[PDB]
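S.K.: Protein chains in written order, with full-length UniProt numbering: chain Z, 853 to 1038; chain H, 7 to 26, 34 to 367, 378 to 442.
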Amino acid sequence: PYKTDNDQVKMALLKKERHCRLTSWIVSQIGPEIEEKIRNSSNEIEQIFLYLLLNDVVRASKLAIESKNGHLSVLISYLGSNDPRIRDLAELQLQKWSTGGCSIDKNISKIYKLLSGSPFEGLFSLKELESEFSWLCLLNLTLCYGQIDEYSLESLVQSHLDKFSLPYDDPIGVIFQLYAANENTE
Amino acid sequence: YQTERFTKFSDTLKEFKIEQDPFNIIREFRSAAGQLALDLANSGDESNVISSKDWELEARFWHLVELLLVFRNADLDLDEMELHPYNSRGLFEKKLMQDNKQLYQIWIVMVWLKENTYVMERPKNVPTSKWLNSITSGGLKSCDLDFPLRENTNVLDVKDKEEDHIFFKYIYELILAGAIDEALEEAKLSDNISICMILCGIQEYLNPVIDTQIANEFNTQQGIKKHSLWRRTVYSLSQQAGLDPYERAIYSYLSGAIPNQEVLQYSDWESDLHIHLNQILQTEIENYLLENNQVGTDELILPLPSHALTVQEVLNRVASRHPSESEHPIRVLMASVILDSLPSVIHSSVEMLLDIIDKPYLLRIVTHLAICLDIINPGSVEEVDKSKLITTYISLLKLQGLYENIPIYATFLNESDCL
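1) Any C-beta of chain H within less than 8 Å: which residues of the segment 873–887 of chain Z qualify?
2) Have a look at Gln252/H and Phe84/H and give me their C-alpha separation to the nearest angstrom.
3) Return the CA-CA distance between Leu981/Z and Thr856/Z, expressed in angstroms with no decimal places.
4) Which value, in whole angstroms, describes the spacing of the CA atoms of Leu212/H and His76/H?
5) Suppose contacts are defined by Cβ-Cβ distances below 8 Å. Is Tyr99/H in contact with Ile223/H by that definition?
6) Can you pull the chain Z residues whose beta carbon is under 7 Å from the beta carbon of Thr233/H, in chain order?
7) Against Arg163/H, what residues of chain Z qualify as contacts under a CB-to-CB distance less than 8 Å, listed in chain order?
8) Assuming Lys421/H is part of the alpha helix (DSSP H), what are its boundary residues?
9) For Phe985/Z, report the span of its alpha helix (DSSP H) as first-last.
10) Which chain H residues are close to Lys965/Z, counting only those with a beta carbon under 9 Å from its beta carbon?
11) Tell me the rounded alpha-carbon separation between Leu436/H and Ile413/H.
12) Under the rule that 16 or more other beta-carbon atoms within 10 Å means buried, what is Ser319/H, buried or exposed?
13) From which residue to which residue does the alpha helix (DSSP H) around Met110/H run?
14) Go through its chain and collect everything with a Cβ distance to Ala228/H's Cβ below 6 Å, but skip five positions before and after it.
15) What are the boundary residues of the alpha helix (DSSP H) that includes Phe12/H?
16) When the distance is taken between beta carbons, is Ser101/H closer than 8 Å to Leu219/H?
17) Note down the Cα distance separating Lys114/H from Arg870/Z, rounded to an integer number of angstroms.
18) Can you look up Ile956/Z in the DSSP assignment and give me helix, strand or coil?
19) What residues from the segment 993–1013 of chain Z come within 7 Å of chain H, judged by C-beta to C-beta, listed N to C?
20) Touch check for the segment 285–293 of chain H and the segment 879–896 of chain Z: three-plus C-beta pairs under 8 Å?
21) I want to see whether chain H comes within less than 8 Å of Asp857/Z, judged by CB atoms only; does it?
22) Quick check on DSSP: helix, strand or coil for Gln999/Z?
23) Against chain H, does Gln945/Z count as a neighbour if the rule is that its beta carbon must be under 8 Å from one of theirs?
24) Using only CA atoms, which one of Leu294/H, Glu217/H, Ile24/H lies nearest to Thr434/H?
25) Using 8 Å as the threshold, is the segment 324–340 of chain H in touch with the segment 296–316 of chain H, meaning 3 or more CB pairs across them?
26) Given that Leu865/Z touches chain H, what residues does it touch there, using C-beta distances under 9 Å?
27) Output, in chain order, the set of chain Z residues within a Cβ distance shorter than 9 Å of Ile314/H.
28) Measuring straight from C-alpha to C-alpha, what distance separates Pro401/H and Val363/H?
29) Would you check if the distance between the CB atom of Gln292/H and the CB atom of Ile271/H is smaller than 8 Å?
30) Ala942/Z to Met210/H, Cα distance in whole Å?
31) Let me know the secondary structure DSSP gives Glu95/H once reduced to three states.
32) Provide the residue span of the alpha helix (DSSP H) that contains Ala942/Z, from first to last.
33) Name the DSSP beta bridge partners of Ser933/Z, please?
34) Report yes if the CB atom of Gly103/H is closer than 8 Å to the CB atom of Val926/Z, and no otherwise.
35) Alpha carbon to alpha carbon, how far is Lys421/H from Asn300/H? Give it in angstroms, no decimals.
36) When we look at the beta-carbon of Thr246/H and count the other beta-carbons within 10 Å, is it buried (16 or more) or exposed?
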């Protein structure tokens, strides 16, 4: 509704709005799944990760703070700003670990991978989480972190779908596919 | 030769009066003092190191003066910025710094403060990689900064802590000098990537597509959206002990806070003043943002102080904290310039001629400052005060036997008649 200096800004805002509603909705769906998972976790950093799975950057940050993982906490606050500096730095840290790095905590690496902006698209890949989470949950990961600004909503969703086959019979899946398919929806 | 000095200053005035912009005078005054600062410093009697520092100080004064009067006086008013609520915090920060001159002045001063900050030489023999000693000893089950926080610091090898000390101290010095970029380079290259990432959080969020009015400076979004969060997160990290005192110090500075005692105890007038102006600044921005609903409630994790000091009051406190330094007569002028109470102090030290005479630089400096002032802002210093000042300085040109260059100084009164 509000007036915009020029029309490409408008386009950009409309993209943000749509994106925010889509991601709030996905969080509505995966909500209980993840909350269950947080119920059963016995490890704090894993919980922090799960809170990121519900796109709750702030509660993750808070748990980090509380669980004495302060640096992590700081890092988390970047999630959802698409700062390419942080993206490439996170990826760098991941390569350095994945070349020697005697041992890094399993979930801290997951979180760094989220900061990398390409959590499956990758070389420390969350793709194996395919077997632990609703496809929608992982798609949430791509959509929230993932590289929002450089991509259109469609080609982003498409990017994700290119990494994971959805079940043929699932209709909310179908709708995402038709949405992403853009150039040849028909 | 050095007893040439007065010539140099006098010389600049000649050039000005003879090419009939006046800010160059001061610029030259600065360079002049700086040149002299070098002379007394190089090879000298240890009686010279003192008056050498009084020249470096001199120079910094001329610089501060240039910076502030340039901004205040070359004020020809540009176009107002029209933001929308959809705009990023980055833009609001920029708007704030445009519209509010009182506060930008604080920025100017901090910039000057940084300009003149000492930084140690880059640490040599820095190790191949981070915490290598602990890794080699075994016992680091995770290689992340937060591991020894999660459980006793006994985890980290001594040598590793010692090196972390060298690093964080160096980074801190670089940060106080404004060398943020060098700090990022050091972080990157010394295998402190995570610390680097922390340093990247310094920027407010901008997006060239939405924040049109900076689609020139940027081609890609940058900076971090949930900054109030970032800031509390950093501040909290800063308060967590079992971290090196310089690391905590860094996070303090970044959060707009005042670093721990162990680090703060070694900060001088300039350093301390800098720290507290930083605090004023940080607080003022975050308040500006709150008054425009550009902060989201989720991010207010923690209480940070909301009440900004005034530059008057910061100066006052730092003063009582660094009396020796504070009372130094050119640093009094420094403060006088910062608060704009400058002709106030001119007329003052004028009446102190009626222990200003004991220190040589002073009577000169005040005189040349008064000259500059009335050049740049006609009316600035009371006619009488100019008369009195030049009168007395001239009688010293006589006591030095440099009558040669007295006419130049005469060019400011009909009282000149009497010479």
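The beta-carbon is built from N, C-alpha and C at its ideal position, and this holds for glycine as well.
M.R.: From the atom records:
1) none
2) 37 Å
3) 42 Å
4) 29 Å
5) yes
6) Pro936
7) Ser919, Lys920, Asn921
8) 406–422
9) Neither: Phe985/Z is in no alpha helix (DSSP H) and is coded neither H nor E.
10) Simply none; closest approach about 14 Å.
11) 10 Å
12) exposed
13) 102–112
14) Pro221
15) 12–24
16) yes
17) 39 Å
18) coil
19) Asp1001
20) no
21) yes
22) coil
23) yes
24) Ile24/H
25) no
26) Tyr99, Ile223
27) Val910, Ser913, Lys914, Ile917
28) 19 Å
29) yes
30) 8 Å
31) coil
32) 936–949
33) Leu931/Z
34) no
35) 57 Å
36) buried
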